[PDB]
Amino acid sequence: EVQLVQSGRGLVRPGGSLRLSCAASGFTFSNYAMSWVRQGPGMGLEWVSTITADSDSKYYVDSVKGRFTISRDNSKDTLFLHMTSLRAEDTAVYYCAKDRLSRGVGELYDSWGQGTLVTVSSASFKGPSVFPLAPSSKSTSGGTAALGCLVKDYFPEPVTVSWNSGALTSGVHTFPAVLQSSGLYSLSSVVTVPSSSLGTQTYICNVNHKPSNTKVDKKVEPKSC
């Protein structure tokens, strides 16, 4: 089977540089044009660059001309993208892609890599502040109480949230992170439990921020109002 194995996740400061690689197997690499395609909030799904089988022709979307260079090594079956002067709007998942027919110019793609997340941001590494979303009369309806944790101001993605170390799973909703104005991420995780259990059962949200190797356990105290 065709395999396209791309390099690992990259985090760059604005103006910085980065090189992506993609190791191919399962087909005659030297007979196919190869392409880079990206998918991010700034541009959607967007073709970036193509290089012919013999590296004689190279093509670029206008926004990367002069900043990005595509190349390949046919003796190691490897595709490269050399990105320089990276801006915040370049943040995207970058995909390795193989042309359907041999000896082409990258018209159609029948095999793709797993993708490489590239984040370009000047924000500093920061673990999240966890604030309780305490249940009260304003979050109870028909014996059902809503509680949760506000996971605010962190960088970079992702965080994971569990409840009671994974013992509580039914009714848990963890929203997708939103990029705040300050360049930091923020989300909430909520869960619905029986309001009768608020007196006897303890609820703790377990927030893990793997990029900083930190963890915050927050006990959500019920309100008496």
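For every residue, the number given is its place in the sequence shown, counted from 1.
Asks: Give the stretch, out of 65-73 and 195-203, with the larger mean C-alpha temperature factor in the deposited entry.
Replies: For C-alpha atoms only, the mean B-factor is higher in 195-203.
Asks: Name the higher of the two by mean Cα B-factor in the PDB entry, 31-39 versus 173-181.
Replies: Looking at the recorded C-alpha B-factors, 173-181 comes out higher on average.
Asks: Quick one: which of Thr91, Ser102, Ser85, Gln114 has the biggest Cα B-factor according to the entry?
Replies: In the PDB entry, the greatest C-alpha B-factor among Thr91, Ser102, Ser85, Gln114 is found at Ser85.
Asks: Sorting the chain's CA B-factors, does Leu11 end up in the lowest, middle or highest third?
Replies: CA B-factor rank for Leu11: middle third.
Asks: Could you look up the Cα B-factor of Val2 in the entry and say which third of the chain it sits in: lowest, middle or highest?
Replies: Ranked within chain, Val2 CA B lands in the middle tercile.
Asks: Ranking the modelled residues of this chain by C-alpha B-factor as given in the entry, is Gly142 in the lowest, middle or highest third?
Replies: Ranked within chain, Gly142 CA B lands in the highest tercile.
Asks: If you rank every modelled residue in this chain by C-alpha B factor, which third holds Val190: lowest, middle or highest?
Replies: For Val190, whose C-alpha B-factor we compare with every modelled residue in the chain, the answer is the lowest third.
Asks: Within this chain's modelled residues, let me know which third the CA B factor of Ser49 belongs to: lowest, middle or highest.
Replies: Ranked within chain, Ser49 CA B lands in the lowest tercile.
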